[PDB]
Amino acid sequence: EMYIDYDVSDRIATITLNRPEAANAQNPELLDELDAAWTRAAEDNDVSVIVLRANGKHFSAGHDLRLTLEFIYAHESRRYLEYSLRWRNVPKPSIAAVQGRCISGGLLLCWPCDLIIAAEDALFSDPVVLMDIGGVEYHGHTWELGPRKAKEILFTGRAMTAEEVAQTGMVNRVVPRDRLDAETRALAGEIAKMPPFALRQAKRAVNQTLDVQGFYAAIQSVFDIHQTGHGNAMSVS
């Protein structure tokens, strides 16, 4: 349990990213620990609500950078795409608490949560166009931001403030940094009073509407677009 802390109390499972020395950059080991924590929470009948949070100044700087396309495709399809979709589908409510920087692969950790609470000084970005890739592997951008904002931030690599993403509906609530854990836990507690099958089916109502709208199919389509970026990058260098 190096990289990920796990606590259960009052029917809330709190999963903490604990690699602040690297701004919670994600290596394969961290991702495997994180996927195990989600599974543990999903399987525990004493857990009603999942809280995903991070220690330190920044939620996550993204994937830790430190050969065939088939190899990249296979690895990214598991740890990036399959993991994030599995988290998305866990049949209990989940809430991310985001402070400071949430960059590129960071979005693959919070987007799968049902609700997001952000500190006022949180900054969200996906500057991977600079590295020759058309946005990260799990394309929540268009769904979360709308297409024009998604294009703007992909084309420029600029950051968005917490208030800006709250306006698009990607962030549910913006609170001062000193209230982020308070607000997240209070909301988790309110939700934890509710019947678990009703929570499950409320979640399913919304997620199935998104899937009818094309969410699953679109996420799969964009994964292949992303991979053409890797294929081009390899062909150049």
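The numbering used is simple: start at 1 and walk along the sequence shown.
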Between residue 66 and residue 67, determine how many residues of the deposited chain lack coordinates; answer none if the chain runs continuously, otherwise 1 to 3, 4 to 9, or 10 or more. 4 to 9
For the higher mean C-alpha B factor in the entry, choose 180 to 188 or 57 to 65. 57 to 65
Mean C-alpha B-factor higher for 6 to 14, or for 218 to 226? 6 to 14
Maximum C-alpha temperature factor per the entry, among 158, 139, 148, 79, belongs to which one? 79
Options 87, 143, 124, 71 - largest CA temperature factor per the record: 71
Looking at the temperature factor on the CA atom of residue 134, which third of the chain's modelled residues does it land in? highest
Residue 211's Cα B-factor: lowest, middle or highest third of the chain? lowest
Pull the Cα B-factor of residue 194 out of the PDB entry and bin it into the chain's lowest, middle or highest third. middle
Among modelled residues of the same chain, the CA temperature factor third for residue 30: highest
Using the B-factors in the PDB entry, rank residue 201's C-alpha atom against the chain and give the third, lowest, middle or highest. lowest
